[PDB]
Amino acid sequence: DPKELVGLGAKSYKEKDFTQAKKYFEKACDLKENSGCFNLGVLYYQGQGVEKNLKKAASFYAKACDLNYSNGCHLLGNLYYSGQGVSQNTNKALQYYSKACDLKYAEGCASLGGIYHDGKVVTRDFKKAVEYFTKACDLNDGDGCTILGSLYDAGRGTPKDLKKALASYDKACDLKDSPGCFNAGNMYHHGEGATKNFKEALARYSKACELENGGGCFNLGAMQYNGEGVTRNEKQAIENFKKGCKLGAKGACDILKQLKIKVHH
């Protein structure tokens, strides 16, 4: 029944019948349905079906977190971190992010890795940053894998290991993180973390370029312009160069200015 109540509330929510949605979520949360409490918190946060009040939203996220709804722990972590809805409190933020992470919520692990990595609200700790980003990456957080990749490459908080760096970037690439495909391509093109393989670098750069990564299209164009990866091609390599420049790849813009050699009429 409680599960069904949340479903009815979600349906009313989609129809923008926030009043009824609130009634269903209230009933579900009273019956200890964690997603019901969470959704109720969202309504107070957005002022939908009720006057906006982020402090009340926080109390409902707290109820959801007590009922082990990882997403509830994470948003509460964000509220304490920024002092939104409740007073700023780093200690509590770390506490809630940590539970979200223990409950397998990738973003929670990522937030913690980012905090210990930047060392703004806490003393920088690359060691912990690696541990949390390792958890985030194992939980499929694309950006987390990429950051973890950079830690392995730099050897911060962990032994410098180009092979692990590449694996992280590669996974990040599978997770659709273009920066990951970019770095992965670079390593494959420079023979770092693995034997030089223009073929692999080509696939990486292509995926990165497809994901709208400027440097991805640019480096991909250079591959073709020098016939490194594939056979050889300039009329199509200049195509990727334009896209790179469009996406922001400066090297692509300039290089394009020197490839303006064509028969005129």
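Residues numbered from 1 in each chain as written, not as in the entry; some residues may be left out. Heavy atoms only, no water.

**Structural notes on the overall build of the chain**
Okay, step 1: Within the chain one finds 15 helices and 0 strands.
Okay, step 2: Viewed in the frame of its principal axes, the chain has a C-alpha envelope of about 75 × 50 × 30 Å.
Okay, step 3: Buried positions account for 44% of the 265 residues belonging to the chain.
Okay, step 4: Long-range contacts, defined here as pairs at least 24 residues apart, represent 41% of the contacts in the chain between residues at least 6 apart.
Okay, step 5: For the chain, the accessible area works out to roughly 14,100 Å², and carbon and sulfur atoms hold 49% of it. (Helix = DSSP H or I, 4+ residues; strand = E, 2+ residues; numbered from the N terminus. Buried < 20%, exposed > 50% of the residue type's maximum accessible area, 1.4 Å probe, protein only. Contact = heavy atoms within 4.5 Å. Areas by Shrake-Rupley, 256 points an atom, 1.4 Å probe, with all protein chains shown as cover.)

**Considering the pattern of salt bridges**
Okay, step 1: This model, assessed by the stated rule, comprises 5 salt bridges.
Okay, step 2: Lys-3 serves as the salt-bridge partner of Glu-33, at 2.7 Å between the closest nitrogen and oxygen. Of this pair, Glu-33 sits in the loop between helix 2 (18-30) and helix 3 (34-46) while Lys-3 sits in helix 1 (residues 2-14), and the two are 30 residues apart along the sequence.
Okay, step 3: Relative accessible area serves as the criterion here: at 60%, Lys-3 is assigned to the exposed category. (Salt bridge = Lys/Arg side-chain N within 4 Å of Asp/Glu carboxyl O.)

**As for the side chain of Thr-90**
Okay, step 1: Structurally, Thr-90 can be placed in helix 6 (residues 90-102).
Okay, step 2: Here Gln-88 takes part through its side chain, which lies 3.1 Å from a polar atom of the side chain of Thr-90.
Okay, step 3: Beyond its immediate chain neighbours, meaning those up to four positions away, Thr-90 contacts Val-121 and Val-122. (Polar contact = N/O pair within 3.5 Å; in protein donor to acceptor, adjacent residues only side chain to side chain.)

**A look at the packing of helix 9 (residues 142-154) against helix 10 (residues 162-174)**
Okay, step 1: At a minimum axis separation of 8 Å, helix 9 and helix 10 run at an interaxial angle of 165 degrees. What the angle tells us is that helix 9 and helix 10 run roughly antiparallel. Considering only the axes of helix 9 and helix 10, their crossing is left-handed. Only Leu-162, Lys-164, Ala-165, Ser-168, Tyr-169, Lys-171 and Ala-172 of helix 10 make contact with helix 9, whose side of the interface consists of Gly-142, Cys-145, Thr-146, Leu-148, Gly-149, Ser-150, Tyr-152 and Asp-153. (Axes fitted to C-alpha atoms, helices over the stretch in contact; angles between N-to-C directions. Parallel < 35°, antiparallel > 145°, perpendicular 65-115°, else oblique. Left-handed = near helix turned anticlockwise from the far one by under 90°.)

**Concerning helix 11 (residues 178-190)**
Okay, step 1: Its 13 residues place the ends of helix 11 18 Å apart at the C-alpha level, agreeing with the 18 Å of an ideal helix rising 1.5 Å per residue.
Okay, step 2: For helix 11, the complete set of buried residues consists of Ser-178, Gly-180, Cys-181, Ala-184, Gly-185, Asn-186, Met-187, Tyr-188 and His-189.
Okay, step 3: In this structure, the buried side of helix 11 is in contact with helix 9, helix 10, helix 12 (198-210) and helix 13 (214-225).
Okay, step 4: The first or second residue beyond helix 11 is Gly-191, which carries a positive phi of 65 degrees. (Expected span 1.5 Å × (residues − 1).)

**Side note on helix 6**
Okay, step 1: Compared with an ideal rise of 1.5 Å per residue, which puts 13 residues at 18 Å, helix 6 spans 18 Å between its outermost C-alpha atoms and is within 8% of the ideal.
Okay, step 2: Those residues of helix 6 that sit buried are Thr-90, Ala-93, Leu-94, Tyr-96, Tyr-97, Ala-100 and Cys-101.
Okay, step 3: Where the residues of helix 6 are buried, they touch helix 4 (54-66), helix 5 (70-82), helix 7 (106-118) and helix 8 (126-138).
Okay, step 4: Of the residues flanking the start of helix 6, the one acting as N-cap is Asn-89, its side-chain oxygen 3.1 Å from the backbone nitrogen of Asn-91.
Okay, step 5: Looking one or two places after helix 6, you find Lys-104, whose phi comes out positive at around 70 degrees.

**Here we look at the UniProt feature "repeat: TPR" in the chain**
Okay, step 1: Mapped onto this numbering, the UniProt entry annotates "repeat: TPR" at residues 2-35, 37-71, 73-106, 107-143, 145-178, 179-215 and 217-251.
Okay, step 2: Measuring from the first to the last C-alpha atom of residues 179-215 gives 9 Å, for a span that is 73% helix and 0% strand.
Okay, step 3: Between the end C-alpha atoms of residues 217-251 the distance is 11 Å, and the span holds 63% helix and 0% strand. (UniProt positions renumbered as here; feature names shortened; annotations may be inferred.)

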